[PDB]
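Q: Got a structure here, written out as structure tokens. Questions coming.
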Amino acid sequence: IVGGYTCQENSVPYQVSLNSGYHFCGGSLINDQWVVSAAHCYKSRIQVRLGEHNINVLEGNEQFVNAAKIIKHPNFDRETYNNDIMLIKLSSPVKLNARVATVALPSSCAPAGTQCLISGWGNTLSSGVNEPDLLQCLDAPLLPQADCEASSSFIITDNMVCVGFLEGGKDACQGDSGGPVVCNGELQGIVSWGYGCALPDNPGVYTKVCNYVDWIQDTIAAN
Ligand SMILES: O=C(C1CCN(c2ccncc2)CC1)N1CCN(S(=O)(=O)c2ccc3cc(Cl)ccc3c2)CC1
Ligand SMILES: [Ca+2]
């Protein structure tokens, strides 16, 4: 997260870190045994880390669980990033508490202008790379599809939404991928891609979660 602030400890209880010996992506806990992330974060073996604040220091609230089933959206297009959503079933249910809790699926698509919270342990620099120890937070609004499509050098599909600032300075970045965009208590987006990080006229692009609620529930029930 570029231009954000350090989240208060365990104030984003649904946030998880996907680890394969190192943190490589984020995710959201949607129920005691299922996590939603980005398909581009796929790996054959993933350890999900919950209750984290400092990913490099054991604090006493962590629960590390291995992924049992890693399910990418059947239509994930690796070239356009369309359908960039993935579900991870944990090998065992987690203990839900104050620092480890679930986030609700959207009831409807949030309107442009809605203020949301983006979080992650991704790169904090607009140029170069710097991985933070502590979870970062960013308050950012959903942008009108017109500004989204216009700013993007690539095709923005109906399954994508821009969140951020046209002026730059604040944005998600590498390592935040798969992470949550929560607006009014509901998961509205998933960190997907962007041209650079925190660049003017280049807001980040996220998977529009409200378009997959049915697929999410169907997959969970069938697995
Ligand atoms: O420009 C790119 C790719 C992004 C994916 N991609 C397309 C191509 C066509 N359509 C959609 C996406 C091709 C260009 N990258 C530069 C930025 N990196 S990154 O720094 O690791 C990164 C990763 C995720 C991000 C997510 C957000 Cl929401 C904002 C910036 C982000 C930046 C990823 C690759
Ligand atoms: Ca820790």
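The way I read the labels, and the way they are meant: chains A, B, ... in the order of the structure tokens, residue 1 as the first residue of every chain, and ligand 1 as the first ligand shown, with later ones counted on from there.
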Near stretch 53-62 of chain A, counting only C-alpha atoms, which residues have an atom at most 9 Å away, once you skip same-chain residues fewer than 3 positions from it, shown as number ranges by chain?
A: A: 7-10, 17, 23, 49-50, 99-100, 121, 132-135
Q: Write the selection just made, keeping C-alpha atoms, as a PDB file, in the first residue's frame?
A:
```pdb
ATOM      1  CA  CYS A   7      -3.624  -0.130  10.676  1.00  0.00           C
ATOM      2  CA  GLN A   8      -4.360  -0.398  14.375  1.00  0.00           C
ATOM      3  CA  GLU A   9      -3.348  -3.875  15.586  1.00  0.00           C
ATOM      4  CA  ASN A  10      -5.877  -6.514  14.542  1.00  0.00           C
ATOM      5  CA  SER A  17      -1.489 -13.322   4.328  1.00  0.00           C
ATOM      6  CA  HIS A  23       4.328 -13.396   2.014  1.00  0.00           C
ATOM      7  CA  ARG A  49      -1.708 -16.883   7.985  1.00  0.00           C
ATOM      8  CA  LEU A  50      -4.434 -15.265  10.094  1.00  0.00           C
ATOM      9  CA  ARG A  99      -8.458 -10.739  15.922  1.00  0.00           C
ATOM     10  CA  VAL A 100      -9.675 -13.380  13.451  1.00  0.00           C
ATOM     11  CA  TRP A 121       1.605  -5.954   3.352  1.00  0.00           C
ATOM     12  CA  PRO A 132       6.561  -3.315   5.388  1.00  0.00           C
ATOM     13  CA  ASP A 133       6.416  -5.440   8.526  1.00  0.00           C
ATOM     14  CA  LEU A 134       3.116  -4.010   9.716  1.00  0.00           C
ATOM     15  CA  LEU A 135      -0.233  -4.178   7.970  1.00  0.00           C
TER      16      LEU A 135
END
```
Q: Which residues sit within 6 Å of ligand 1, counting only C-alpha atoms and all ligand atoms, listed as number ranges by chain?
A: A: 79-81, 154-155, 172-174, 177, 191-197, 204-206
Q: Suppose you want the space between atom CA of residue A:156 and atom CA of residue A:207; what is it in Å?
A: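 Between these atoms lies a distance of 10.1 Å.
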Q: Run DSSP on the backbone of this structure and report the residues of chain A it assigns to helix (DSSP H, G or I), as a list in words.
A: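 The residues of chain A classed as helix (DSSP H, G or I) are residues 39, 40, 41, 145, 146, 147, 148, 149, 150, 151, 209, 210, 211, 213, 214, 215, 216, 217, 218, 219, 220 and 221 of chain A.
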Q: Could you list, as a PyMOL selection string, every residue within 8 Å of residue A:18, counting only C-alpha atoms and ignoring same-chain residues fewer than 2 positions away?
A: chain A and resi 16+20+23-27+46-49
Q: Return the single residue from A:86, A:117, A:112, A:182 that is closest to residue A:148, with distances computed using only C-alpha atoms.
A: A:112
Q: Could you check which of A:175, A:214, A:165, A:92 is closest to residue A:129, using only C-alpha atoms?
A: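 Ranking A:175, A:214, A:165, A:92 by distance to residue A:129, first place goes to A:175.
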Q: So which residues of stretch 29-173 of chain A fall under strand (DSSP E or B) by DSSP, listed as an MDAnalysis selection string?
A: chainID A and resid 29:31 34:37 47:50 54 63:72 77 82 86:90 104 115:120 134 136:142 160:163 171
